[PDB]
$ cat protein-v8.txt   # compact mmCIF, C-alpha atoms and all ligand atoms
# COMPACT_ATOMS: atom_id res chain seq x y z
CA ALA A 5 -8.79 -16.38 -30.92
CA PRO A 6 -10.87 -14.14 -28.64
CA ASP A 7 -10.28 -14.53 -24.89
CA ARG A 8 -11.50 -11.44 -23.07
CA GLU A 9 -9.81 -11.98 -19.72
CA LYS A 10 -6.49 -12.64 -21.48
CA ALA A 11 -7.03 -9.82 -23.91
CA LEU A 12 -8.17 -7.50 -21.15
CA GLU A 13 -5.11 -8.06 -18.97
CA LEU A 14 -2.69 -7.46 -21.83
CA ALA A 15 -4.52 -4.20 -22.48
CA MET A 16 -4.69 -3.16 -18.85
CA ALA A 17 -0.96 -3.88 -18.47
CA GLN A 18 -0.20 -1.74 -21.49
CA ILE A 19 -2.47 0.98 -20.08
CA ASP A 20 -0.58 0.93 -16.79
CA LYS A 21 2.78 0.87 -18.57
CA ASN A 22 1.95 3.90 -20.70
CA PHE A 23 0.50 5.98 -17.87
CA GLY A 24 1.69 4.43 -14.63
CA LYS A 25 0.59 1.89 -12.05
CA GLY A 26 -3.00 2.67 -11.16
CA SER A 27 -4.04 4.11 -14.50
CA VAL A 28 -6.91 1.61 -14.35
CA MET A 29 -7.96 -1.07 -11.88
CA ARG A 30 -10.81 -3.40 -10.93
CA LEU A 31 -12.62 -1.98 -7.90
CA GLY A 32 -12.60 -4.90 -5.49
CA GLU A 33 -8.89 -5.62 -5.95
CA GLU A 34 -6.31 -6.24 -3.19
CA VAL A 35 -2.84 -4.57 -3.39
CA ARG A 36 0.61 -6.19 -2.86
CA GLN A 37 2.34 -2.79 -3.17
CA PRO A 38 2.77 -1.16 0.27
CA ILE A 39 4.16 2.13 -1.11
CA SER A 40 5.54 3.74 2.18
CA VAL A 41 2.92 6.15 3.48
CA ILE A 42 2.18 8.66 6.22
CA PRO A 43 -0.51 7.31 8.54
CA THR A 44 -3.54 9.54 8.32
CA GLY A 45 -4.07 9.15 12.04
CA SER A 46 -7.47 7.65 11.17
CA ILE A 47 -7.20 3.86 11.09
CA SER A 48 -10.49 3.71 9.20
CA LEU A 49 -9.42 6.32 6.66
CA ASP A 50 -6.08 4.48 6.45
CA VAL A 51 -7.70 1.25 5.35
CA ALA A 52 -9.97 3.54 3.38
CA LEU A 53 -6.89 4.56 1.39
CA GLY A 54 -5.88 0.94 0.85
CA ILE A 55 -2.18 1.49 1.62
CA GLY A 56 -2.65 2.54 5.21
CA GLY A 57 -2.08 6.25 4.79
CA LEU A 58 -1.20 9.07 2.43
CA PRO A 59 1.19 7.82 -0.25
CA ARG A 60 4.54 9.56 -0.25
CA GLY A 61 5.87 11.74 -3.06
CA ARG A 62 2.35 12.45 -4.26
CA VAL A 63 0.19 15.53 -4.39
CA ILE A 64 -2.70 15.03 -2.02
CA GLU A 65 -5.67 17.36 -1.76
CA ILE A 66 -7.90 17.41 1.25
CA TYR A 67 -11.02 19.42 0.50
CA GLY A 68 -14.34 20.10 2.20
CA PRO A 69 -16.59 22.54 4.15
CA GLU A 70 -15.19 24.61 7.02
CA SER A 71 -14.52 22.77 10.26
CA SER A 72 -15.11 19.44 8.56
CA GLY A 73 -11.76 18.19 9.81
CA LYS A 74 -9.30 18.67 6.96
CA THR A 75 -6.48 20.45 8.81
CA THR A 76 -6.53 18.09 11.81
CA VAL A 77 -5.91 15.18 9.47
CA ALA A 78 -3.24 17.19 7.62
CA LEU A 79 -1.75 17.96 11.02
CA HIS A 80 -1.95 14.35 12.19
CA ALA A 81 -0.09 13.42 9.03
CA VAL A 82 2.65 15.89 9.88
CA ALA A 83 2.96 14.58 13.46
CA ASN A 84 3.22 10.97 12.30
CA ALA A 85 5.72 11.85 9.60
CA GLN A 86 7.83 13.56 12.25
CA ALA A 87 7.73 10.58 14.62
CA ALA A 88 9.16 8.64 11.72
CA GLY A 89 11.87 11.25 12.02
CA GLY A 90 10.62 13.28 9.08
CA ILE A 91 10.93 17.05 8.73
CA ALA A 92 7.72 19.02 8.05
CA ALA A 93 6.95 22.37 6.40
CA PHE A 94 3.69 24.33 6.74
CA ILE A 95 3.22 26.88 3.92
CA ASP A 96 0.64 28.98 5.79
CA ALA A 97 -1.39 31.56 3.92
CA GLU A 98 -4.50 31.79 6.09
CA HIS A 99 -3.01 32.52 9.50
CA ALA A 100 -5.30 30.21 11.45
CA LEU A 101 -2.96 27.40 12.47
CA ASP A 102 -3.11 26.88 16.24
CA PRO A 103 0.31 25.53 17.14
CA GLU A 104 -0.98 24.70 20.60
CA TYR A 105 -3.68 22.35 19.36
CA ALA A 106 -1.11 21.04 16.86
CA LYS A 107 1.16 19.90 19.67
CA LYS A 108 -1.79 18.14 21.22
CA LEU A 109 -2.09 16.18 17.99
CA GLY A 110 1.51 15.14 18.48
CA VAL A 111 3.04 17.68 16.12
CA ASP A 112 6.48 18.94 17.04
CA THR A 113 5.79 22.63 16.37
CA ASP A 114 9.26 23.68 17.43
CA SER A 115 10.72 21.70 14.57
CA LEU A 116 7.91 22.58 12.17
CA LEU A 117 8.91 24.93 9.36
CA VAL A 118 6.31 27.65 8.84
CA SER A 119 6.15 30.17 6.04
CA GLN A 120 3.56 32.88 5.37
CA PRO A 121 4.05 34.01 1.71
CA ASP A 122 3.25 37.47 0.39
CA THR A 123 1.65 36.06 -2.74
CA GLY A 124 0.33 32.91 -4.32
CA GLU A 125 3.38 32.77 -6.55
CA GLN A 126 5.73 33.09 -3.60
CA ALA A 127 3.76 30.60 -1.52
CA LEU A 128 4.00 27.91 -4.14
CA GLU A 129 7.60 28.78 -5.03
CA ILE A 130 8.81 28.77 -1.41
CA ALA A 131 7.19 25.36 -1.12
CA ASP A 132 8.94 24.22 -4.29
CA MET A 133 12.38 25.33 -3.10
CA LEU A 134 11.75 23.37 0.09
CA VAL A 135 10.37 20.29 -1.64
CA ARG A 136 13.33 19.78 -3.96
CA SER A 137 15.79 20.19 -1.08
CA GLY A 138 14.91 16.60 -0.27
CA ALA A 139 14.93 17.16 3.46
CA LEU A 140 11.14 17.01 3.77
CA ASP A 141 8.74 14.14 4.37
CA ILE A 142 5.55 16.15 4.22
CA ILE A 143 4.71 19.73 3.20
CA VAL A 144 1.22 21.03 3.85
CA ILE A 145 -0.24 24.12 2.20
CA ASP A 146 -3.10 25.93 3.93
CA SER A 147 -5.90 27.02 1.63
CA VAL A 148 -5.62 26.70 -2.13
CA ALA A 149 -8.24 29.44 -2.23
CA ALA A 150 -5.77 31.86 -0.61
CA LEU A 151 -3.08 31.30 -3.26
CA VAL A 152 -4.24 34.58 -4.83
CA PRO A 153 -2.03 35.75 -7.74
CA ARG A 154 0.18 38.79 -7.18
CA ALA A 155 -1.38 41.15 -9.69
CA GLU A 156 -4.53 40.57 -7.67
CA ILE A 157 -2.90 40.89 -4.26
CA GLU A 158 -1.49 44.17 -5.35
CA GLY A 159 -4.04 46.52 -6.74
CA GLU A 160 -4.61 45.44 -10.34
CA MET A 161 -7.69 46.69 -12.32
CA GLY A 162 -10.50 44.34 -13.66
CA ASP A 163 -8.72 43.99 -17.06
CA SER A 164 -6.64 40.87 -17.46
CA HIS A 165 -9.44 39.90 -15.14
CA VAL A 166 -8.34 36.49 -16.33
CA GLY A 167 -8.64 32.95 -14.95
CA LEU A 168 -5.23 33.68 -13.49
CA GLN A 169 -5.30 31.91 -10.11
CA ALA A 170 -5.90 28.42 -11.45
CA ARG A 171 -3.19 29.15 -14.01
CA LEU A 172 -0.70 29.88 -11.25
CA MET A 173 -1.86 26.64 -9.60
CA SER A 174 -1.25 24.53 -12.72
CA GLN A 175 2.18 25.77 -13.68
CA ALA A 176 3.20 25.42 -10.05
CA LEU A 177 2.08 21.82 -9.88
CA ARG A 178 3.37 20.99 -13.34
CA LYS A 179 6.87 21.40 -11.93
CA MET A 180 6.47 20.67 -8.22
CA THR A 181 5.09 17.14 -8.78
CA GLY A 182 8.13 15.94 -10.68
CA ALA A 183 10.31 16.94 -7.73
CA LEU A 184 7.92 15.60 -5.09
CA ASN A 185 8.37 12.23 -6.74
CA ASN A 186 12.15 12.49 -6.84
CA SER A 187 11.96 13.92 -3.32
CA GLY A 188 9.38 11.46 -2.11
CA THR A 189 7.78 14.22 -0.03
CA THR A 190 4.04 14.22 0.44
CA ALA A 191 2.25 17.45 -0.36
CA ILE A 192 -1.09 17.86 1.37
CA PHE A 193 -2.99 20.72 -0.27
CA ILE A 194 -5.82 21.88 1.93
CA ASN A 195 -8.58 23.19 -0.34
CA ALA A 196 -11.73 24.50 1.34
CA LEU A 197 -15.30 24.81 0.04
CA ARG A 198 -17.21 28.13 -0.44
CA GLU A 199 -19.84 30.88 -0.49
CA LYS A 200 -22.92 31.85 -2.34
CA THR A 210 -13.73 25.31 -8.36
CA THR A 211 -11.92 27.37 -5.67
CA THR A 212 -10.14 28.64 -8.74
CA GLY A 213 -7.14 26.39 -8.33
CA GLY A 214 -8.69 23.03 -7.58
CA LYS A 215 -9.20 22.56 -11.31
CA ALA A 216 -5.46 21.87 -11.70
CA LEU A 217 -5.09 19.96 -8.46
CA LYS A 218 -7.92 17.54 -9.28
CA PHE A 219 -5.77 16.35 -12.17
CA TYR A 220 -2.39 16.53 -10.41
CA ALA A 221 -3.41 14.81 -7.18
CA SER A 222 -2.74 11.13 -6.63
CA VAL A 223 -5.13 11.17 -3.71
CA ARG A 224 -8.13 13.42 -3.17
CA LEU A 225 -9.97 13.14 0.12
CA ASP A 226 -13.41 14.71 0.45
CA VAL A 227 -13.69 15.59 4.16
CA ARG A 228 -17.18 16.10 5.53
CA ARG A 229 -18.91 16.85 8.84
CA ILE A 230 -21.84 14.56 9.51
CA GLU A 231 -22.77 14.61 13.17
CA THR A 232 -22.40 16.27 16.51
CA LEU A 233 -21.30 13.75 19.10
CA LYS A 234 -23.98 14.67 21.63
CA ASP A 235 -23.20 11.53 23.62
CA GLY A 236 -24.69 12.21 27.05
CA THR A 237 -26.90 14.78 25.25
CA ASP A 238 -24.20 17.38 25.63
CA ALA A 239 -21.54 18.18 23.01
CA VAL A 240 -18.15 16.45 23.11
CA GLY A 241 -16.93 16.56 19.50
CA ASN A 242 -18.12 16.07 15.89
CA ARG A 243 -18.16 12.89 13.77
CA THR A 244 -16.48 13.12 10.37
CA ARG A 245 -16.77 11.21 7.13
CA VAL A 246 -14.05 11.20 4.49
CA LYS A 247 -14.64 9.92 0.98
CA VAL A 248 -11.64 8.89 -1.06
CA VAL A 249 -13.03 10.18 -4.33
CA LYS A 250 -9.72 9.67 -6.11
CA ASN A 251 -6.92 7.23 -5.46
CA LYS A 252 -4.31 6.30 -8.00
CA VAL A 253 -2.48 3.90 -5.72
CA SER A 254 -5.45 1.79 -4.67
CA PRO A 255 -9.09 1.18 -5.71
CA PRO A 256 -10.85 4.60 -5.39
CA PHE A 257 -14.14 5.58 -3.78
CA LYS A 258 -13.76 3.95 -0.35
CA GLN A 259 -15.19 5.57 2.81
CA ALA A 260 -14.25 6.16 6.44
CA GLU A 261 -15.80 7.83 9.47
CA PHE A 262 -13.93 9.01 12.58
CA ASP A 263 -14.55 11.12 15.68
CA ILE A 264 -12.81 14.36 16.60
CA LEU A 265 -13.56 15.59 20.09
CA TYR A 266 -13.22 19.26 20.94
CA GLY A 267 -9.63 20.03 21.83
CA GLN A 268 -8.68 16.45 20.97
CA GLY A 269 -7.91 15.06 17.55
CA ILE A 270 -9.01 11.85 15.86
CA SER A 271 -10.19 9.55 18.68
CA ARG A 272 -8.15 6.35 18.69
CA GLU A 273 -10.57 4.56 21.03
CA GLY A 274 -13.31 5.99 18.86
CA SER A 275 -11.82 4.38 15.77
CA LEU A 276 -11.35 1.12 17.69
CA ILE A 277 -14.92 0.87 18.86
CA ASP A 278 -16.12 1.54 15.34
CA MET A 279 -13.84 -0.59 13.25
CA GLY A 280 -14.09 -3.18 15.99
CA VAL A 281 -17.85 -3.61 15.69
CA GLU A 282 -18.18 -3.83 11.93
CA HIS A 283 -15.23 -6.22 11.94
CA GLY A 284 -17.09 -7.89 14.78
CA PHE A 285 -14.29 -8.38 17.28
CA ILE A 286 -16.37 -6.22 19.51
CA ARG A 287 -19.86 -7.55 19.54
CA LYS A 288 -22.43 -5.36 21.22
CA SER A 289 -25.95 -4.04 20.74
CA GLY A 290 -29.10 -3.54 22.90
CA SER A 291 -27.55 -0.16 23.38
CA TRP A 292 -24.68 -1.86 25.17
CA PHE A 293 -21.02 -2.66 24.39
CA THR A 294 -18.87 -5.78 24.96
CA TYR A 295 -15.54 -7.40 24.10
CA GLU A 296 -14.61 -11.04 24.57
CA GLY A 297 -17.44 -11.02 27.05
CA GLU A 298 -16.24 -7.89 28.82
CA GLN A 299 -18.74 -5.22 29.86
CA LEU A 300 -17.58 -2.09 28.05
CA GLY A 301 -20.57 0.16 28.71
CA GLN A 302 -23.78 1.49 27.20
CA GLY A 303 -23.10 4.35 24.81
CA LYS A 304 -20.26 4.82 22.35
CA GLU A 305 -18.82 7.31 24.84
CA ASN A 306 -18.86 5.14 27.95
CA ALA A 307 -17.19 2.59 25.71
CA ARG A 308 -14.74 5.09 24.25
CA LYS A 309 -13.96 5.92 27.87
CA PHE A 310 -13.72 2.26 28.81
CA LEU A 311 -11.08 1.67 26.18
CA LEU A 312 -9.53 5.05 26.98
CA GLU A 313 -8.99 3.92 30.58
CA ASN A 314 -8.33 0.14 30.58
CA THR A 315 -5.50 0.80 28.15
CA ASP A 316 -4.71 -2.93 28.09
CA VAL A 317 -8.00 -3.78 26.37
CA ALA A 318 -8.56 -1.87 23.14
CA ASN A 319 -4.87 -2.58 22.65
CA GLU A 320 -5.39 -6.28 22.02
CA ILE A 321 -8.40 -5.09 20.03
CA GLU A 322 -6.40 -2.66 17.97
CA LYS A 323 -4.13 -5.67 17.74
CA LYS A 324 -6.89 -8.07 16.81
CA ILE A 325 -8.10 -5.51 14.27
CA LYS A 326 -4.61 -4.75 13.01
CA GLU A 327 -4.11 -8.43 12.24
CA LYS A 328 -7.33 -9.09 10.30
CA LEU A 329 -6.64 -6.11 8.05
CA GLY A 330 -3.02 -5.12 7.53
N1 LIG B 401 -7.91 25.51 17.44
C1 LIG B 401 -8.78 24.57 17.82
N2 LIG B 401 -9.20 24.50 19.09
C2 LIG B 401 -10.04 23.56 19.47
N3 LIG B 401 -10.51 22.65 18.63
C3 LIG B 401 -10.13 22.66 17.33
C4 LIG B 401 -9.25 23.64 16.90
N4 LIG B 401 -9.04 23.44 15.60
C5 LIG B 401 -9.75 22.37 15.24
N5 LIG B 401 -10.41 21.90 16.29
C6 LIG B 401 -11.23 20.66 16.32
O1 LIG B 401 -10.89 19.92 15.13
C7 LIG B 401 -12.01 19.90 14.25
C8 LIG B 401 -11.58 20.12 12.80
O2 LIG B 401 -10.96 21.39 12.67
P1 LIG B 401 -10.30 21.87 11.28
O3 LIG B 401 -9.58 20.73 10.67
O4 LIG B 401 -9.55 23.13 11.52
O5 LIG B 401 -11.57 22.20 10.36
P2 LIG B 401 -11.40 22.32 8.76
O6 LIG B 401 -12.10 21.25 8.02
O7 LIG B 401 -11.90 23.79 8.35
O8 LIG B 401 -9.82 22.32 8.47
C9 LIG B 401 -12.89 21.07 14.69
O9 LIG B 401 -14.25 20.78 14.33
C10 LIG B 401 -12.73 20.94 16.20
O10 LIG B 401 -13.47 19.80 16.67
$ encode --input "protein-v8.txt" --output "structure tokens"
Amino acid sequence: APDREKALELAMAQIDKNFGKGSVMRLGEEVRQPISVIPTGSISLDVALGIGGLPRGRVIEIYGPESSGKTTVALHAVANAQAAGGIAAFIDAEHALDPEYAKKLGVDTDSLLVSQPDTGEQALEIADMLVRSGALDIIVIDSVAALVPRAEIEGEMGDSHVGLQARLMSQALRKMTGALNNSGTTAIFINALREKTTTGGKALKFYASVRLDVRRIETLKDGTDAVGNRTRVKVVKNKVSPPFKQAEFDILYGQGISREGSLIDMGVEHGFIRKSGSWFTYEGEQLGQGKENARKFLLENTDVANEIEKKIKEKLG
């Protein structure tokens, strides 16, 4: 009586029932479940997530080298969430946030709750009190690395020179997740890479439903003079869709994730926009000869690149 595929399913089902939808899943599988998500502001990355954005009520971690593009995405999330009429809280602990830029990304700073904790404990706690209030859609934390314990913030000797930070970070998540689910608020934990872990990413890794690995990969020289930098995000972990997908998206200086950029990329691979010979075209239209000229084309003739986005939106989701 051995039938693998029938015996496998029964097992898989059990596996999912004992540990939750997504415990295990074939890699090239398509997903009925839409969740309800917060657009990552990166169409590519969105598809890359397989639900069109950051799932809600889950602990997300966006890690990666400095200036890779983590924040911007975390900020875009916020902005979107707020358009959907959601309230957002920024548990700042690095003091870098540029509200100005943030508004340019569409964030409504004036309605954005900001907190700058005195300690790691406080920082996580303050965020917990807010989470379980239920009034939030998304709550971003800046720099897991900065969630330094109190005994360390205050002057405490190199005795009980423990593995204390990550501890703090586990207990805090052990209880904040439960509420995030009940609350359905999405927690984006920005965790940045170092010197020479993060002493606190050890816990996260296991408590995060989604873990994006943000990376810098190119300087958009364009007309041989800097505009912005191209980014690549790997979805190393996804418990709401098949993991390991990949997306690339532009981020010009001063500007956030380039919509037209996205369009001209996703367009090409998905072939609605056919072009090569170092030139670009759509439905026979002369877009221009460099990704930039094109980006600009779309940026200007708003009408086009709208039917494209459309055309692309259809074929995917
Ligand atoms: N305050 C700013 N002013 C101008 N450009 C910015 C600013 N912050 C971010 N950017 C742009 O957004 C990109 C990503 O920034 P950011 O997300 O802060 O890097 P990180 O990965 O350390 O969080 C930067 O490379 C730059 O192109």
$ closest_residue --input "protein-v8.txt" --among "A:145, A:135, A:180, A:5" --to "ligand LIG 401 (chain B)" --atoms "all atoms listed in the file"
A:145
$ residues_around --input "protein-v8.txt" --residues "residue A:60" --least-positions-apart "4" --cutoff "6 Å" --atoms "all atoms listed in the file" --output "JSON list (two decimals) with C-alpha atoms, in the coordinates of the input"
[["chain", "number", "residue", "atom", "x", "y", "z"],
["A", 41, "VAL", "CA", 2.92, 6.15, 3.48],
["A", 188, "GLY", "CA", 9.38, 11.46, -2.11],
["A", 189, "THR", "CA", 7.78, 14.22, -0.03],
["A", 190, "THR", "CA", 4.04, 14.22, 0.44]]
$ residues_near_ligand --input "protein-v8.txt" --ligand "ligand LIG 401 (chain B)" --cutoff "7 Å" --atoms "only C-alpha atoms and all ligand atoms" --output "PDB file with C-alpha atoms, in the frame of the given file"
ATOM      1  CA  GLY A  68     -14.340  20.100   2.200  1.00  0.00           C
ATOM      2  CA  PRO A  69     -16.590  22.540   4.150  1.00  0.00           C
ATOM      3  CA  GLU A  70     -15.190  24.610   7.020  1.00  0.00           C
ATOM      4  CA  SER A  71     -14.520  22.770  10.260  1.00  0.00           C
ATOM      5  CA  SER A  72     -15.110  19.440   8.560  1.00  0.00           C
ATOM      6  CA  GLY A  73     -11.760  18.190   9.810  1.00  0.00           C
ATOM      7  CA  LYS A  74      -9.300  18.670   6.960  1.00  0.00           C
ATOM      8  CA  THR A  75      -6.480  20.450   8.810  1.00  0.00           C
ATOM      9  CA  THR A  76      -6.530  18.090  11.810  1.00  0.00           C
ATOM     10  CA  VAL A  77      -5.910  15.180   9.470  1.00  0.00           C
ATOM     11  CA  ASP A 102      -3.110  26.880  16.240  1.00  0.00           C
ATOM     12  CA  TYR A 105      -3.680  22.350  19.360  1.00  0.00           C
ATOM     13  CA  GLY A 241     -16.930  16.560  19.500  1.00  0.00           C
ATOM     14  CA  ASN A 242     -18.120  16.070  15.890  1.00  0.00           C
ATOM     15  CA  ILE A 264     -12.810  14.360  16.600  1.00  0.00           C
ATOM     16  CA  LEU A 265     -13.560  15.590  20.090  1.00  0.00           C
ATOM     17  CA  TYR A 266     -13.220  19.260  20.940  1.00  0.00           C
ATOM     18  CA  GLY A 267      -9.630  20.030  21.830  1.00  0.00           C
ATOM     19  CA  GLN A 268      -8.680  16.450  20.970  1.00  0.00           C
ATOM     20  CA  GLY A 269      -7.910  15.060  17.550  1.00  0.00           C
TER      21      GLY A 269
END
$ atom_distance --input "protein-v8.txt" --atom1 "atom CA of residue A:32" --atom2 "atom CA of residue A:193"
27.9 Å
$ closest_residue --input "protein-v8.txt" --among "A:156, A:320, A:122, A:226" --to "residue A:249" --atoms "only C-alpha atoms"
A:226
$ residues_around --input "protein-v8.txt" --residues "stretch 289-306 of chain A" --least-positions-apart "4" --cutoff "10 Å" --atoms "all atoms listed in the file" --output "number ranges by chain"
A: 233-236, 240, 273-274, 277-278, 280-281, 284-285, 310-312, 314, 317-318, 321
$ closest_atom_pairs --input "protein-v8.txt" --of "stretch 215-237 of chain A" --to "stretch 196-210 of chain A" --cutoff "12 Å" --atoms "all atoms listed in the file" --output "tab-separated table"
residue	atom	partner	partner_atom	distance
A:215	CA	A:210	CA	6.1
A:216	CA	A:210	CA	9.6
A:217	CA	A:210	CA	10.2
A:218	CA	A:210	CA	9.7
A:225	CA	A:196	CA	11.6
A:226	CA	A:196	CA	10.0
A:227	CA	A:196	CA	9.5
A:228	CA	A:197	CA	10.5
$ residues_around --input "protein-v8.txt" --residues "residue A:157" --least-positions-apart "5" --cutoff "10 Å" --atoms "only C-alpha atoms" --output "MDAnalysis selection string"
chainID A and resid 122:124 151:152
$ atom_distance --input "protein-v8.txt" --atom1 "atom CA of residue A:283" --atom2 "atom CA of residue A:33"
19.0 Å
$ closest_atom_pairs --input "protein-v8.txt" --of "stretch 251-319 of chain A" --to "stretch 43-47 of chain A" --cutoff "10 Å" --atoms "only C-alpha atoms" --output "tab-separated table"
residue	atom	partner	partner_atom	distance
A:260	CA	A:46	CA	8.4
A:261	CA	A:46	CA	8.5
A:262	CA	A:46	CA	6.8
A:263	CA	A:46	CA	9.1
A:269	CA	A:45	CA	8.9
A:270	CA	A:46	CA	6.5
A:271	CA	A:46	CA	8.2
A:272	CA	A:46	CA	7.7
A:274	CA	A:46	CA	9.8
A:275	CA	A:47	CA	6.6
A:276	CA	A:47	CA	8.3
A:279	CA	A:47	CA	8.3
$ atom_distance --input "protein-v8.txt" --atom1 "atom CA of residue A:252" --atom2 "atom CA of residue A:22"
14.4 Å
$ residues_around --input "protein-v8.txt" --residues "residue A:178" --least-positions-apart "4" --cutoff "8 Å" --atoms "only C-alpha atoms" --output "PyMOL selection string"
chain A and resi 174+182+220
$ closest_residue --input "protein-v8.txt" --among "A:231, A:163, A:327, A:141" --to "residue A:185" --atoms "all atoms listed in the file"
A:141
$ residues_near_point --input "protein-v8.txt" --point "(-9.6, 31.0, 7.6)" --cutoff "10 Å" --atoms "all atoms listed in the file" --output "list in words"
residues 70, 71, 97, 98, 99, 100, 101, 146, 147, 150 and 196 of chain A
$ closest_residue --input "protein-v8.txt" --among "A:121, A:59, A:138, A:167" --to "residue A:251" --atoms "only C-alpha atoms"
A:59
$ closest_residue --input "protein-v8.txt" --among "A:181, A:37, A:164, A:86" --to "residue A:131" --atoms "all atoms listed in the file"
A:181
$ closest_residue --input "protein-v8.txt" --among "A:195, A:137, A:115, A:126" --to "residue A:87" --atoms "all atoms listed in the file"
A:115
$ residues_around --input "protein-v8.txt" --residues "residue A:125" --least-positions-apart "6" --cutoff "7 Å" --atoms "only C-alpha atoms" --output "ChimeraX atom specification"
/A:153-154,172
$ decode --input "protein-v8.txt" --residues "stretch 112-127 of chain A" --atoms "N, CA and C atoms" --output "compact mmCIF listing (two decimals), in the first residue's frame"
# COMPACT_ATOMS: atom_id res chain seq x y z
N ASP A 112 4.04 59.89 6.22
CA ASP A 112 3.37 61.02 6.82
C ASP A 112 4.00 61.27 8.19
N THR A 113 5.23 61.78 8.18
CA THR A 113 5.98 62.03 9.41
C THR A 113 5.13 62.56 10.54
N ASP A 114 4.40 63.63 10.25
CA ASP A 114 3.58 64.26 11.28
C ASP A 114 2.69 63.30 12.04
N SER A 115 2.30 62.20 11.42
CA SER A 115 1.45 61.25 12.12
C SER A 115 2.24 60.02 12.54
N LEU A 116 3.55 60.06 12.30
CA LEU A 116 4.43 58.95 12.62
C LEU A 116 4.94 58.95 14.05
N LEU A 117 4.54 57.97 14.85
CA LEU A 117 5.04 57.92 16.22
C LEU A 117 6.53 57.55 16.27
N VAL A 118 7.29 58.35 16.99
CA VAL A 118 8.72 58.13 17.12
C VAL A 118 9.08 58.05 18.59
N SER A 119 9.95 57.11 18.91
CA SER A 119 10.38 56.90 20.28
C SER A 119 11.89 56.66 20.19
N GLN A 120 12.62 57.13 21.19
CA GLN A 120 14.06 56.98 21.25
C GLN A 120 14.42 56.52 22.67
N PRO A 121 14.25 55.22 22.94
CA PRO A 121 14.49 54.53 24.21
C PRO A 121 15.82 54.83 24.87
N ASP A 122 15.88 54.61 26.18
CA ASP A 122 17.11 54.84 26.93
C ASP A 122 17.90 53.55 26.98
N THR A 123 17.22 52.43 26.76
CA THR A 123 17.88 51.14 26.81
C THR A 123 17.28 50.14 25.84
N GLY A 124 17.93 49.00 25.69
CA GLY A 124 17.38 47.99 24.80
C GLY A 124 16.05 47.55 25.38
N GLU A 125 16.07 47.21 26.67
CA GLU A 125 14.89 46.78 27.36
C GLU A 125 13.74 47.73 27.06
N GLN A 126 13.92 48.99 27.42
CA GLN A 126 12.90 50.00 27.18
C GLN A 126 12.43 49.97 25.72
N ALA A 127 13.37 50.11 24.81
CA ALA A 127 13.08 50.11 23.39
C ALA A 127 12.14 49.00 22.99
